[PDB]
Every structure is written in C-alpha cells, then in structure tokens.
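Note sheet for the following structure.
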Amino acid sequence: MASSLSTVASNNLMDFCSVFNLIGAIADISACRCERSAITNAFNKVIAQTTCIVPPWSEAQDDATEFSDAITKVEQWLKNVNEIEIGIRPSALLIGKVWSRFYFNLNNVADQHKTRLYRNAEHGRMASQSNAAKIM
Amino acid sequence: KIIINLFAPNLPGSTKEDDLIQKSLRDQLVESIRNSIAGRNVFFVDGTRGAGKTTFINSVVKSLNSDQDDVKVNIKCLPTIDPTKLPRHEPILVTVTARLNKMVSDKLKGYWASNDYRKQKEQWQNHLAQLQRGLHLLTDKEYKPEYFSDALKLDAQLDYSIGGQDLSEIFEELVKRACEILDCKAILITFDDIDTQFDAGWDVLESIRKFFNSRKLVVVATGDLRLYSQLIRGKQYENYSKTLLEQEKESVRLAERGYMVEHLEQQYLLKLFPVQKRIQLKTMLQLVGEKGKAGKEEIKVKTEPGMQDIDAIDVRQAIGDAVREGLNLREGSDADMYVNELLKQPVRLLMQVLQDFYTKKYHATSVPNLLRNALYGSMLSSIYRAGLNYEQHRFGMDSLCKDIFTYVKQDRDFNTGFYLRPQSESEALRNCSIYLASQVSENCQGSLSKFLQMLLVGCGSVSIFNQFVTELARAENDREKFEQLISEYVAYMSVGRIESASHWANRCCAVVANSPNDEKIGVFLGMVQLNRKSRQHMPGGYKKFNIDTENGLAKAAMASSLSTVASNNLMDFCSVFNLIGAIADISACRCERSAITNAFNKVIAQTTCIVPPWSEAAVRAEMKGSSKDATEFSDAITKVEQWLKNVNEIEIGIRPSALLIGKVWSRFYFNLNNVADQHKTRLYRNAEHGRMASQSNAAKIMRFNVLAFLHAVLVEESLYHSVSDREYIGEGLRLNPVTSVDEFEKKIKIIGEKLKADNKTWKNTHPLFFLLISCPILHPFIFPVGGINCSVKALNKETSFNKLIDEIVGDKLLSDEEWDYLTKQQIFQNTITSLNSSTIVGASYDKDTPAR
Amino acid sequence: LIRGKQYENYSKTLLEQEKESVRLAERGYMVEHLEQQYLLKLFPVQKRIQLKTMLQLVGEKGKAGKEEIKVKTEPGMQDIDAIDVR
Amino acid sequence: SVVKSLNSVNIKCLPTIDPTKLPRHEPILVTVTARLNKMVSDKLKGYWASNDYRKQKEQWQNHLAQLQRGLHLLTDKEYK
RNA sequence: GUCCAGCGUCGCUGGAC
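Protein chains in written order, with the authors' numbering: chain A, 604 to 663, 700 to 775; chain B, 13 to 50, 68 to 394, 412 to 674, 702 to 897, 907 to 934; chain C, 260 to 345; chain D, 88 to 95, 102 to 173.
Next comes the structure, spelled out in structure tokens:
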C-alpha cells in the first residue's frame, strides 16, 4: 500500500492510489541485486521525501524488523528474475500491443464504477456494488 | 593487458605512455586495408566529442611505415590551410613527387649510375609535364578553340586508351608509375577536418570521386557527417533554374523539390563513404564495460611512484576512490553515477584529471580541495562557457550560492535541480555539474554554520522561488518577463552579498507571506502570523502576544524567532527559518566570552523588511514608512558558552556532501507543507492548552515546525553521510512527525539500541544530530506549555521521548516539577509560557471541537 | 565577426529555400557551435586576462578597496590633500 | 606598458601594430616581415664585428627572396 | 477596556486614557 501512494500539492494536498506506481516500484526494485538495502529503499523512495506541484497549463512488533519477511520474499523473488529474464526477447510491437490493451482496459473500468458506490458498498459481494478495493 | 603509469619519468601531459587506448582498433583497421588492396576504398573515421582523431590517424600512418605489403603513406593535408584558389589535386601531386624525388635522389647512394636510374628519372619528368598541359582545363571559365587541337593531338606512348585530354586517366598513369618506382602496392592519402573552414569540403568531395578512383589508391577521411550532409544539400539547389524557383512556388512544388533534393544527397553519401567501411572510436566506458561485467579488455592504473604492476588497480576503481573521497560520498548507487558519466569523457582528457589528482595527493604526505583543483585545469572551457564563476581565487560562500542559482536557471529544473546531478543534454552543463558538486563539499567541510548557510541560501532560495515567485510570470509565455523577474529576485534576496543568515530569513518571510491562502488564515509554509493589536472579543484565554511575559531564556528564544514585515499594515511573524538564521550566525563566532555577549545581543533585535518589488503594495509600504534583561541574560550566555565549547571539538570531522544537504532540504521542505496544511483547520474555540490531538493552537504549530527540522536532520544523515559506512535506521517505513511525536521518538529508540551493540557513541556516527539536539536556543520550543498532548495513550510516548532526549544531550533539561505542570504560580525559565494563548490573524473562533 | 564569416559558407540558394522554423533552428545551432570551437582553439581560456573596472578597484560603499585612487581638482591643490575618487 | 616592461631568457618586442591604421589591401604577413627586417638589418649594420655579417647576411637575404617568390599566393583572385 | 483616526476588500494597523 505504501508503494501505491502519491501526494500532489495544489492549494490542498491530495492523495491518490495509482496503479502506475506499482509498475514503478517493480521496475525500481528489479534494477539490481548488488545490495540488500536497495529493495527497502524502493518502498520509501518517494512516499514522504518529495512534493509535486500542479502543472503550469492547469486552468487553476519491534518496529525495526517489520519488513524482515517482505524483504525476504522479495529477495528470493529476485533469484528467479535473474535467471528467467535472460531468455526474454521483447519486440517493438509486443510493447506497443500490451499498452493498447492495458490502456483500453483501464478506461473501461473507471467508467463502470463511478456509479456503483452507493451507501452499503462495504463488504462488496454483488457485482452491482463496488468500493475502493474492487476498483484497485 | 594494459598498464598506465601516472608517474612517467618526464611527467608528460595526458600521460600517453604506451599502447595508447585503441591498440585493438588500430590493428583491426590496418588489417582491413591490406585485405582490400590485395574501386572504392574510402574509409571514414568519425572523430567527435572532441576526440583525438588526428592522434589516432597518425598512429595508423606510422604503423603502415613498417608493413609486409609496404603500402606507403603520404603526409596529412589539412584542407583549411591550403591556399584558397589552389585545387586539392595539387597537394597530392606535390606530396607524391616530393616523396618520390627523395628516393631517386637516394638511389645515388645505392647506385652512383644505373640504367634504371637514368631512365626512371626522365620517364617521371615526362608524366609531370604531361599533366601540366592538361591542368589548364580545371579553373578555366571559357573554352577557347585552341584546346581542340591538343585533344585531337595523339601520343603514341603512355597508352592513353580513352581519347581526349581526360585528366582522370593522366593522373592514373602517374600514380601507377610512382608505385612501381617506389616498389609499393598502394599510395595512401589522409584528409583532416574541415571544421574551421566549412566550404573546404566540397572541393574535396568532388575530388575523391573524380581523380582518386583507382585500384592502387586508398584514402582515409575524418570529420563529421552533419557538415557534409549540409554541404551536399546546398550544392543540389544551385542547379535548379533560378527563374523557375520564383515561378512555380505554389506550395506543392516546394514539397516535390524538397523531397527530391533529400533523395539526391542520400545516394551521394552512400556512394562515397560506404556503411561497411565507416569506423567508430570506442569510448572508455565501452572498453572497460559496466561494473560487474567483464566486457572488453580490462585496464590497470598505477597510483604511486615505483608501484609494482602486480598491484595496479582497475581504472573504474581508480576513479571510484577519487569521487567518493573527493565528494564525501558513500559507496552507494549515486557515486556510481558520477564515475559512469566521467568514464564517457575522452581518454586524453581523463588521464589529465587523474594525473593532477594522484600526484598532488602523494606529495601531500583536504582531499576535496585537491579534486576541485584537478578539474579546474581540465574542464576550464566548460566552466567559462556555462557562465559560472571561473576566477582561480576568490572562492567562498559569496560566489557558490550565485553559481548554484545561475546553473539551475540555465538547466530549467527548479524541482530537483539543486542535487547537482549530471543528467543534462549539454556537455558543458554535464561538465559543470561535477565541478559544482566538488566545490560544495570543500566549502562546508569541518564547520556547522557554513553547512546551515548552504541549506538555507543555496537550496532554500531555489525551492522558494519555484513555488511562489514563478507562478507570477511563467517562462513559456514570454522571456522578457521571466528574465526580468529573475534579476529582481536575486537582488532582493541579496544572493552573493549574503550579509547575514538572519538577513535571508527575514526576506524569505516576506516572499512567502506575499501569496496568501484562499481561506485567509495566518499560517504559512514555515511561519505563523502572530497578531500585533488586541482584537475585539476573545472567547477564551486568547490575548495579545506580549513578549514581555516571557522569562529569561524563553524571551531569548522569542526575540530570536520574531521578525516583522511592512506591507500595508505592520505584520508580525514567527518563522522557523529565523531560528536557523540564529544558529548560523552564532556558530561562526570562534571567539571568547567577551564577543559572545556582543554576538548574542546582535542576534536578538527587531528587524523590519520591505515587500519585494513584484508585489501590489510596494509603493504604499514605502510611503507609510517603517516605524512605530542584560542581568538576566547571563544564564543564557552561560549556556551557549558551554555549547560552543562542544561545537568546536565536534565539528572538526564532519563531511557534508552536495547530496546530503540536498536530501535534507527535500524532507524538511515537504514536512513543513504537511504541518501547515494539517493544522490549518483545527483552531476551534476552546483549543488552548492542547491536551488533545484533535485541537491545535499556535504553540503546537511551532513545536512541530522546529521538530520537523530536527527529524529531517536525523533520517537523511544516517542514510547519507561519509563518516559512517552503514546505516542504523533499520528495515522499516520512514514517515514524518506531522501531528504526533511518536514517529520521531520511534527512530530514536531504534538507533539507540543499535549503537550500544557496536559500542559507538553519537559523536562518531551522528555528529550533526547531536550538535543540533543540544542547542540551547531551541530547547524551549521542543516542550511548550500548550503544545503537549496529555492523553493516557500518548503520554507514555512523550515521557519516553523526554528520557531519550536527556540521555542524548547528557543533562536533565526539565525538572520533575516542571514536567508535572506541563501535563496538568510557577515560573519557567526554559519553557514558553505564553505562546499558546496568542491569537492568529484571519482565524475566526467559531464552532467547537468535534463531538465524541 | 566570426559568425558573419560562417553564414557565408552556406549555399545562398539553400538559405532562401528551406525557410522553415524547424530548419532555422537546426542551422542556428550548427553556427553558434562552430564559432565557439574557433575561439576556444585560437585564444585559449587559461590565457585570457580581463581588465578591472572602477567599481572593482574602489569598492562598494564602505567595503575595503583593492587599490587606492585619488584625484586632484585644482592646479593649486597639494598631493597630500587629494580626495578619493568616490 | 606591458611592452615597455618587457623591453627594459631574452624576448625582443616587436613594435605594436594596429590593423585599422594600415593600407586596406596590405596583408598582415607583409607588415610583420617588414618590421622584422628593420631590426635584423639594424643589428647587422651596428654589429660590425669580424665577417659574421657576410655569411649571416647572405642566409637572411636568401630567405627574404624565397618569401617574395611565394607571396603571389596571398594576393591571387584565381589560380595561374 | 473605551474612544478617535488610517490601510486593504469585514479584516488589519496606529494613537489616546
């Protein structure tokens, strides 16, 4: 959840939960395996260390080993990545097509959920009711 | 294997030594020429990024002078130094005959008289006189009828197959005759750059494809294809009929003519310089490879005189030790970014940098001062071109702040441009980034006040300008308004002058207060606008500030943190940036007790600063005019005197870096935004005395403002600081203390436990945090009267926080009776007893605390 | 002076034909780069010496001055009573 | 002032020249060669010791003739 | 506390007792 938080400062701080951040964290973590502290610097790389301004064109429990298991699994995952990814042959077309489907899919989801919030969407079971967890 | 000895016996420039760097490429190209010679033989060597193309070519020329097939080589002919009206056919012809004439004159030594000696010499003279007659048809402008007789005139010898003059054939026989005389296989010609004289290329391009097309000739030309492409395209428009150009210009034929001319040049380049023959010079990064990869051949560098080759260290490690020590950086990823960028530089330049560093360092038995001196003598052109300061002397705090702000302005990066990172599209700017970063670590090394000046003046001015001033006139709309606004800003903040740190703090208060929030409430980025005049109806204990209410040391804190601005009505402010100005001024004393009373009295005063010119109330503010304890301060002077004893012993050994100061501000600046935003609406009507996280007042806002500064110092110093080779925060999420103190004390507890395990004291691992936490000025701000929560869930956190602070400093700041009053007539000498009761302008005390 | 000698190298018929704003920028940089390589090669940076203006020598307001300059306003003035230039 | 300090490791200072107060079409190389000629001729005539100014003078005069022969390259509007 | 006045577009500020 920390990897999916972003703050934008425009007359009021705003908080979003972006899927784009997860792709960033996955891209950031798998950069290297040289150091163990790298895969914990990525979680808190941007969470509370910088602020972004509105673009100009706008019209207006020991608390020290909490990440001993999450780091451990991620560390073991990088072992698999370092071996499988050698035999990867991406193309200029493969990347183009995955974004076309991914972009179209997101735009449909954001439209069929703006009206399915209601009042009792918590514990959402029926497909006609949605909350901030189904959307993400 | 490749070994470079920096301590060469004669100490030559660039330390060429032996084998150069492209020995693999040189032997590869020479092997390629021998294959072809055993129609088109044009080799293009691309010398760019200011490479030593001429040095490489001369290495090839020298190498061919000892050859198995002994293809002799002419001398290099620069086209920009020949006479303008002399055709490029002549220099080769003169070079050929001069080279040939020496050998036949040298045949006398071998043979005083011989049959071939007498026949070859007279045969050669016949060929040259043959060429001179036909040379007339090169620069002539009108065909006189006399030359017709010569064309029909026939020579029974020399075997001229094609009839007529045919100057191409006449040169071919001369070259063929010369090769047999000298006993070679081919004659090689080298063409140098054309950069100085742009137009010299055309008379060379039309000479390669006209007279140099032969089986026994090979050419090697250098330069860049940007000029050649523009040269060919220019000559392809001059054969269009001049009249047609003004007639058929109906916006359709323009496209047709443009499309056709780009077609003719494309087929032209591929005809002369084939793709298969073009060669490119490898850079240092591509030759040693990325770290962790074997890559191409490895290189070793010597570092001390009389150093055994068995101990020579790798070139990547040789630079890595220079940057990390010189820039005061750890072994993290950022330091690897500087070396990777520095590897891409030309070899001849890089070896000059390394030689000027290791030689002086060895002779010194202040590393950053050594590194900066090395870069000045190597990248002096880029420093001058970018516009920064370039005087050999007169280095200090005055110029560094100006250089930083005149670098981000050209980089157009006001967000994160003060980290001084080499990411830029200009080679001049990328060369200036490393030089600027080195200068920062040299200036603010071993001192505390210089560090605080860099945090405020160097980085605060950039961030303040971006958020507030920039919005008035964007750079993309216009350039005269943007450039005008910059010069007014730098004069206002007095960057370069830097009369005092507290002088800067007052101005920064004026700029921030210029743009108000939409709710009209007197809280800002790092300040709260305290009222000056008593209002009408205060529902509770609210009243005027009444600075006289404070005791001996609380008054010293308030007077140090009070500054006023005159815009339309005299405004009073209390800014955390004033406290940093107070610490920066005091810490640079280095004086005895006598001067402390003088300096301490100068810090505390009343200062009024005028509004910046770019505001709408400059004229009214100037028109209205700017107008309207010594016994008890001995204890305050006594405390700061003991603190300054610690500062002098401790600060000698701290190593700030250009990144640590940048990182500290980013965390500090962001935290200031959160506390201003998340306390703006919780004023209420009965919120005095605090005692609840929901209700906040003036005292709570300031306590979390000063605390945020200390918290950012703690976190960003453990992660990034040279004096340690690890970190002690641990594997955990790092947040900020925006509304409760539990986050700040949590990292203190974690660090404390780890340090005892390794038996390391705070004075060796966190010198900065220890110096700032034991500051007598800001102790009363940590525990104000009205800014302490008293909930049963959180009071244990605060009580644990108090004990930890005492242990770090070493003395019990607060007595047991004093603490009891804080959580429930007592006179406090080290606690602000009045600030919680003050009123905030623009705050209407309606409604109440939220229910439940 | 140098930039003027550079534009005389481009074929005139080309300058008057490709008058696009995108092309003007491309030829604008190739000249502002070509002159600097000419100057940085002909007058090396480490050898240039810049003269001093009056403000540098005298100083700003009460700031100490690098040198001392005094002037005389009358033929009868004495060299021991010449006032400062400021 | 710089020239005066140098004039009064040996460096012989040539008289200062300014291209603006010169004939329009006269090349710089001709002016510099003219000023070199005056010093060496003055030095040779004032020298007047032994016969050194009989061997040296011939060598110096030979080089001037060589420079005079190749001067036509500077002031040619076309190749001959 | 109360009275007078001044700046901004109700808020701010000066002064008097």
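The beta-carbon is built from N, C-alpha and C at its ideal position, and this holds for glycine as well.
Which residue marks the beginning of the beta strand (DSSP E) containing residue i, and which one marks its end?
i, result
"residue 246/B", "246 to 252"
"residue 621/B", "616 to 621"
"residue 656/B", "654 to 656"
"residue 608/B", "608 to 612"
"residue 743/B", "Careful: residue 743/B lies outside any beta strand (DSSP E), inside the alpha helix (DSSP H) at 731 to 751."
"residue 220/B", "216 to 220"
Nearest-angstrom Cα distance between residue i and residue j?
i, j, result
"residue 848/B", "residue 646/A", "34 Å"
"residue 492/B", "residue 571/B", "31 Å"
"residue 328/B", "residue 419/B", "25 Å"
"residue 732/B", "residue 465/B", "6 Å"
"residue 178/B", "residue 166/B", "14 Å"
"residue 592/B", "residue 478/B", "51 Å"
"residue 672/B", "residue 884/B", "44 Å"
"residue 163/B", "residue 34/B", "44 Å"
"residue 895/B", "residue 762/B", "9 Å"
"residue 249/B", "residue 186/B", "33 Å"
"residue 134/D", "residue 338/B", "59 Å"
"residue 320/B", "residue 345/B", "8 Å"
"residue 632/B", "residue 638/B", "12 Å"
"residue 502/B", "residue 489/B", "15 Å"
"residue 540/B", "residue 114/D", "47 Å"
"residue 759/A", "residue 808/B", "33 Å"
Do residue i and residue j have their C-beta atoms closer together than 8 Å?
i, j, result
"residue 457/B", "residue 542/B", "no"
"residue 125/B", "residue 216/B", "yes"
"residue 494/B", "residue 649/B", "no"
"residue 547/B", "residue 531/B", "no"
"residue 635/B", "residue 626/B", "no"
"residue 294/B", "residue 255/B", "no"
"residue 318/B", "residue 325/B", "yes"
"residue 574/B", "residue 774/B", "yes"
"residue 801/B", "residue 824/B", "yes"
"residue 790/B", "residue 844/B", "no"
"residue 527/B", "residue 919/B", "no"
"residue 266/B", "residue 272/C", "yes"
What are the boundary residues of the alpha helix (DSSP H) that residue i is part of?
i, result
"residue 848/B", "No alpha helix (DSSP H) contains residue 848/B, which DSSP labels as neither H nor E."
"residue 80/B", "First-last for residue 80/B: undefined, no H or E at that position."
"residue 49/B", "35 to 49"
"residue 409/B", "A gap in chain B, from 394 straight to 412, means residue 409/B has no coordinates in the model shown."
"residue 75/B", "Not the alpha helix (DSSP H): residue 75/B falls in the beta strand (DSSP E), residues 71 to 75."
"residue 124/D", "121 to 140"
"residue 240/B", "231 to 240"
"residue 528/B", "526 to 539"
"residue 518/B", "No alpha helix (DSSP H) holds residue 518/B; DSSP gives it neither H nor E."
"residue 104/D", "Segment: none, residue 104/D is in no alpha helix (DSSP H) and carries neither H nor E."
"residue 344/C", "Unbroken run through residue 344/C: none, as it is neither H nor E."
If residue i and residue j are in contact, beta carbons under 8 Å, what's the gap, nearest whole angstrom?
i, j, result
"residue 414/B", "residue 484/B", "6 Å"
"residue 653/B", "residue 552/B", "5 Å"
"residue 913/B", "residue 857/B", "7 Å"
Mind listing which residues of the region 140 to 170 of chain B have their C-beta closer than 7 Å to chain D's C-betas, in chain order?
-> 168
Could you list the residues in the region 563 to 587 of chain B with a C-beta less than 7 Å from some C-beta on chain A, going in chain order?
-> 564
Closer than 8 Å, Cβ to any Cβ of chain D: which residues of the region 104 to 116 of chain B, in chain order?
-> 112, 114, 115 and 116
Select from the region 511 to 527 of chain B all residues with a C-beta closer than 8 Å to any C-beta belonging to chain A, and list them in chain order.
-> 512, 513, 520 and 522
Members of the region 742 to 759 of chain B that neighbour chain A once the beta carbon cut-off is set at 9 Å = 742, 743, 744, 746, 747, 750 and 751
Could you run through the region 807 to 837 of chain B and flag, in chain order, every residue whose CB is less than 7 Å away from some CB of chain A?
-> 807, 808, 809, 819 and 823
Of the residues that make up the region 301 to 314 of chain C, which ones have a beta carbon closer than 7 Å to any beta carbon in chain B?
-> 304 and 305
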